[PDB]
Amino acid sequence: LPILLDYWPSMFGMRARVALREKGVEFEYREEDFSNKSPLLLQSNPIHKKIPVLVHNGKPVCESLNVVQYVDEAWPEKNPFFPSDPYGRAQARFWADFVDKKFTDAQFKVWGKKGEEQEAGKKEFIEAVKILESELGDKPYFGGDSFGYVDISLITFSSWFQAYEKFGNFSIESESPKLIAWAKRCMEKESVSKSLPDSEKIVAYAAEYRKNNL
């Protein structure tokens, strides 16, 4: 069985979690105390020591975007996230690269940092939620006509939207309504529905990190 090393609030874990179940695989999840990184995990990733980690054929796969790629390529017979054309693949990989750079740090700034850093981050994430909404355009889903590779990549950030709203003391929806709109629409798929932990819990994990590092 496909072995997962996952973190309850790791959005990237979710990206693996969201990907596997999407395509149609029965898998196991292991919860990680990062204090004590797993013996199979350190064997899977000694230097990075990071998750999500999917293990197949006694072999470790690492990085979230990478894990969703492993997911597609390992049983390419039922559910492909990518379009047939190489270029649509390129756009999708491009759009996957977008979420990771400024988009991830921005939210990291919005619920991870305060003040001078905070407002910088909030202008950053609203800029990206704007870029995001415009690239979506009319689409049901970024990656393809149906569920996409990159749909899987940023759908997981949507549970942190509550965290972004509360510490951020801002409403992301009123300035960019359709991204957040689309995300609860994506929730309907069973993969994202079962994989994603509660937002109050995430909010409280974010609080836990805030309260400690003031």
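Numbers for residues come from their place in the sequence shown, where the first is 1.
Chemist: Which has higher Cα B-factors on average according to the PDB entry: 163-171 or 60-68?
Modeler: Going by the record's values, the stretch with the higher mean is 163-171.
Chemist: Averaging C-alpha B-factors over each stretch, which comes out higher, 202-210 or 189-197?
Modeler: Of 189-197 and 202-210, the stretch with the higher C-alpha B-factor average is 189-197.
Chemist: Choose from 115, 140, 86, 143 the residue with the greatest Cα B-factor as stated in the PDB record.
Modeler: Largest recorded C-alpha B-factor: 140.
Chemist: For the listed residues 183, 55, 152, 41, which one has the largest C-alpha B-factor as given in the deposited model?
Modeler: By C-alpha B-factor in the record, 183 ranks first.
Chemist: Report the third (lowest, middle or highest) to which the CA temperature factor of residue 130 belongs, ranking only the modelled residues of the same chain.
Modeler: Lowest third of the chain for residue 130's C-alpha B-factor.
Chemist: Determine, from the deposited record, the chain-internal third of the Cα B-factor for residue 20: lowest, middle or highest.
Modeler: It belongs to the lowest third of the chain when residues are ordered by C-alpha B-factor.
Chemist: When the modelled residues of the chain are sorted by Cα temperature factor, does residue 50 land in the lowest, middle or highest third?
Modeler: Answer is middle: the recorded C-alpha B-factor places it there.
Chemist: Going by the entry, which third of its chain does the Cα temperature factor of residue 29 land in?
Modeler: Highest third.
Chemist: Based on the deposited C-alpha B factors for this chain, I'd like to know if residue 110 is in the lowest, middle or highest third.
Modeler: CA B-factor rank for residue 110: highest third.
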